[PDB]
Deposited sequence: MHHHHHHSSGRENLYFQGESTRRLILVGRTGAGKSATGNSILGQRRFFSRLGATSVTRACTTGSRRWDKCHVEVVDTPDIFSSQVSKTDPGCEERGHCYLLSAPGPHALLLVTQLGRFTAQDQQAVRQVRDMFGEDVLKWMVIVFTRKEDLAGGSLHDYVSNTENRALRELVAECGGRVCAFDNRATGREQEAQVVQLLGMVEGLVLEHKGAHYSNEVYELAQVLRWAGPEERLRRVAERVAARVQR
């Protein structure tokens, strides 16, 4: 009935392009933004993210207002976090983005995480399972295992049936994950505060949610 996804990862990973592919729209910038698509009888909601996963987030988003906005847009919690990364370019910056995500949501959030690889065409027609299996990048290897081997490849220039197939594959994985959690979305003490304060006005809700995020990072 509803699937809430959040796109996370470094700047230039391909978050915005991936979101456009999923939504089938040219939808996706200092702020979090959102889009959605009605598929069958399911409402797929995608939150795209700005520069909030760098080592400079502390200077870019000092009172955690933008990190707070991400929570409000995804409340009561995501069914999956999509960690977007570029095929052949898993860098120190990608590793920094993963740590920011952990800091921002909690260690348990990797149990709701799917890794999306952009630039699929760089496999030159070869499979992703082989590429993931034979990479010399230890840190990528580790991350894939921490995310239960949930990996998926996108060519964000794909249109037509090639695009439908990559999106269908990703949504299948998200369903798999949701069933693993017996239908539960990810939650923590910040999402709970957002829900508790759901009757309050948007200004106090944002202020108090930003405040809870700041206390934990």
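Which parts of the deposited sequence lack C-alpha coordinates in this model? Number from residue 1, please.
Missing C-alpha atoms (numbering from 1) occur across the ranges 1-19, 48-56, 246-247.
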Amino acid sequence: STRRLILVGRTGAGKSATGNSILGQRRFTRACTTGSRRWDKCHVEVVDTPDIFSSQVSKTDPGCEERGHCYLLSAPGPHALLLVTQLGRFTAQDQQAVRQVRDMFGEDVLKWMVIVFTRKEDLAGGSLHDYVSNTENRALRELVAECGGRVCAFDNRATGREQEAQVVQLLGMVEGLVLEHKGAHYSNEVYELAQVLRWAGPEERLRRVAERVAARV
From here on, numbers count along this sequence of modelled residues.
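Could you check which stretch, 64-72 or 37-45, carries the larger mean CA temperature factor in the entry?
In the deposited entry, the stretch with the higher C-alpha B-factor mean is 37-45.
Name the higher of the two by mean Cα B-factor in the PDB entry, 155-163 versus 47-55.
Looking at the record's C-alpha B-factors, the answer is 155-163.
Could you check 103, 94, 108, 121 and tell me which one carries the biggest Cα B-factor in the deposited entry?
That would be 121.
Taking the C-alpha B-factors as the PDB entry records them, is residue 8 in the lowest, middle or highest third of its chain?
Bottom third by C-alpha B-factor.
Among all modelled residues of this chain, ranked by Cα B factor, put residue 89 in the bottom, middle or top third, i.e. lowest, middle or highest.
Tercile = highest for this residue's CA B-factor.
Residue 99 - Cα temperature factor, lowest/middle/highest third of chain
Within its chain, residue 99 is a middle-third residue by C-alpha B-factor, going by the deposited values.
If you rank every modelled residue in this chain by C-alpha B factor, which third holds residue 82: lowest, middle or highest?
Residue 82: CA B-factor falls in the lowest third of its chain.
What third of its chain's C-alpha B-factors does residue 115 belong to: lowest, middle or highest?
For residue 115, whose C-alpha B-factor we compare with every modelled residue in the chain, the answer is the lowest third.
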